[PDB]
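Following: one structure in structure tokens, then a few remarks.
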Amino acid sequence: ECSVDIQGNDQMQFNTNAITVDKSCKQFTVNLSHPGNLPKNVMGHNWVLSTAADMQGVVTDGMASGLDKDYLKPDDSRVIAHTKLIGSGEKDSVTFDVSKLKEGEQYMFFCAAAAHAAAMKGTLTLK
Ligand SMILES: [Cu+2]
Numbered sequence: 002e003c004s005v006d007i008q009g010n011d012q013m014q015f016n017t018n019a020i021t022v023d024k025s026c027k028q029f030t031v032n033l034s035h036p037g038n039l040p041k042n043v044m045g046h047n048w049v050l051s052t053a054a055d056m057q058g059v060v061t062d063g064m065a066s067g068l069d070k071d072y073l074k075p076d077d078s079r080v081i082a083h084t085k086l087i088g089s090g091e092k093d094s095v096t097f098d099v100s101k102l103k104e105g106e107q108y109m110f111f112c113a114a115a116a117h118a119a120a121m122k123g124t125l126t127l128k
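One gets the deposited numbering by counting positions in the sequence shown from 1 and adding 1 to each.
Structural data, given as structure tokens:
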């Protein structure tokens, strides 16, 4: 299996803080869903992948871009993979090539929604 299921909920939480990608997968899929009640503008989430090196920069410029851009600088080359921003009752999936991921590199996933990254983040690692 070359996928993971992850939820972002109304208490500003992902349901994992460490994802592992089997390094023999050609592609890997992240299936994000929102089990809450709150509207997208107040507790909307996305799942965003970057290097540890780029995480805060992505989060900072993302907050500048704001809700109307899904809290991501458009065409940000630092974002390896991301889902759409989703609100209550919604789900989005993103697939990327495992060849984008390098050995000897540190990757972090996080929600880019304003202020959410502090709580909503973890590591992604090939194994
Ligand atoms: Cu969020």
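Beta carbons are placed, not taken as given, at the ideal position from N, Cα and C, and that holds for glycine.
* **Selected residue, minimal CA-CA separation from residue 39, among 18, 107, 11, 51** => Numbered from 1 along the sequence shown, position 38 holds the residue referred to as residue 39. For residue 39, the nearest C-alpha among the options comes from 11.
* Cβ separation of residue 110 and residue 60, assumed to be a contact under 8 Å, to the nearest whole Å -> To locate residue 110, count along the sequence shown from 1; it is residue 109. To locate residue 60, count along the sequence shown from 1; it is residue 59. Actually they do not touch by this definition, with Cβ atoms about 12 Å apart.
* To do: Just confirm the distance between the C-beta atoms of residue 71 and residue 47, as a whole number of angstroms; I'd bet it's less than 8 Å.
  => Position 70 of the sequence shown, counting from 1, holds the residue named residue 71. Position 46 of the sequence shown, counting from 1, holds the residue named residue 47. Between residue 47 and residue 71 the Cβ distance is about 6 Å, and since that is below 8 Å, they are a contact.
* Output the distance between the C-alpha atoms of residue 66 and residue 3, rounded to the nearest integer angstrom. => In the sequence shown, counting from the first residue as 1, residue 66 sits at position 65. In the sequence shown, counting from the first residue as 1, residue 3 sits at position 2. Approximately 32 Å between the Cα atoms of the pair.
* Asked: For residue 1, which beta-bridge partners are listed by DSSP?
  -> No statement about residue 1 is possible, as the shown extent of the chain runs from 2 to 128 and does not include it.
* To do: Answer yes or no: do residue 84 and residue 99 have a C-beta to C-beta separation smaller than 8 Å?
  => Mapped onto the sequence shown, residue 84 falls at position 83. Mapped onto the sequence shown, residue 99 falls at position 98. No.
* Residue from 89, 91, 108, 77 whose Cα sits closest to the Cα of residue 156 -> Because the chain spans 2 through 128 in this model, residue 156 falls outside it and cannot be assessed.
* Asked: Looking at residue 114 and ligand 1, is the gap between the Cβ and the nearest heavy atom below 7 Å?
  -> Position 113 of the sequence shown, counted from the first residue, corresponds to residue 114. At least one heavy atom of ligand 1 is nearer than 7 Å to the Cβ of residue 114, so yes.
* Asked: Ordered along the chain, which non-local residues of its own chain (more than five positions away) have a Cβ less than 7 Å from that of residue 44?
  -> Residue 44 sits at position 43 when you count from the first residue of the sequence shown. Excluding its 5 nearest sequence neighbours in each direction, residue 44 has C-beta neighbours in its own chain below 7 Å: 11, 13, 37, listed in chain order.
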